[PDB]
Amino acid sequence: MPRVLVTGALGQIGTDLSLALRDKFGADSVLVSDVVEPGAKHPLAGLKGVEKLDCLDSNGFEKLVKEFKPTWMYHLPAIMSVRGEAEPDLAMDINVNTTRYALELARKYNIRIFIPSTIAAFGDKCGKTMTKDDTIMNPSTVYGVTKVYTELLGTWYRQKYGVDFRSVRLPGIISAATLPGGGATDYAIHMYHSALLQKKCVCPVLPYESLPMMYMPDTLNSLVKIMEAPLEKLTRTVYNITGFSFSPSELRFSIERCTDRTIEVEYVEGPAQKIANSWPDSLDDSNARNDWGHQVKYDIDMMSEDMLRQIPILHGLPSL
């Protein structure tokens, strides 16, 4: 049974991952942290082992690692695709420098370390249909650039020092509990809110821009599964994973068929569209399926149904 450290824990992924790990391994085995404190309505308010730590504070990060002695780390802090174009200084500081600290500490303290990549690591030369694990990487956002740097530097730590570095290229992740940072796939979460609130959604991704996507339960499954796998089962450090692909028009159809209500949607092309246009439509994740058993339980309608049930309960929005 591992001791698990999660950084950037109050975000979209960390919120749910923190809870899944605690319930799988017990709360005493799981320490989580973030640059800020949870608000009183955050799902991690009031839980112990939830610390304040700025990962840009090298010394603090090392003090926490020293004191807790994790055997696993999920290093989740990142400024994301859309926000990063607006705050590229912040993107480069966090995505480069925290990642560099997390790797050195993994090396120094003998930690199996997970740092997520993303479909944003790809750009327009990747081969957008069923994009492979190994291809040309020409990301067109600074976030993507820092993510390729992350894959490569982590892979360098594995080969140079034997650090057990593992990663997946996350597709767009959909969840109910905590709202998304500043990403291009955020529209997909926002559309469910808009539908429950009965208010017009202004969508900055164009209606037929397909992206790889996944629902959180599947994502959690896979984030635990790749960290549990014996290193000998892994043929690579970085794996594509996908759930299913969809476009905004498709998601809208899904939501409408579950609510039996039309939703008002105005499509604009914000920065999210030009970014998302540079990304794959779909991924090939067969290496992940084959090496460690990546699997997806949810399709789009099962996800919409769960999201429509959970958001009212978790956020108080207009229910049934």
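Definition used throughout: the rigid core is the maximal C-alpha set that superposes within 1.5 Å between two forms. For every residue, the number given is its place in the sequence shown, counted from 1.
Core superposition of the other structures onto this form places the C-alphas of 310-318 farther off in 8 other deposited structures of this protein than those of the other stretch among 310-318 and 2-10. Superposing the other copies on the rigid core and comparing 206-214 to 178-186, farther C-alpha placement in 8 other deposited structures of this protein marks 178-186. Higher average CA B factor: 178-186, of the stretches 178-186 and 205-213. Averaged over CA atoms, B-factors in the entry run higher in 265-273 than in the other of 287-295 and 265-273. Comparing C-alpha B-factors across 147, 75, 160, 193 in the deposited entry, the largest value falls on 193.
In the deposited entry, the Cα temperature factor of residue 38 places it in the highest third of its chain's modelled residues. Residue-level temperature factors show residue 18 in the middle third of its chain, judged at the C-alpha atom.
Ranked within its chain, residue 84 lands in the middle third, by CA B factor from the PDB record. Ranked by Cα temperature factor within the chain, residue 112 sits in the lowest third according to the deposited record.
Looking at the C-alpha B-factors along this chain, the one for residue 151 belongs to the lowest third.
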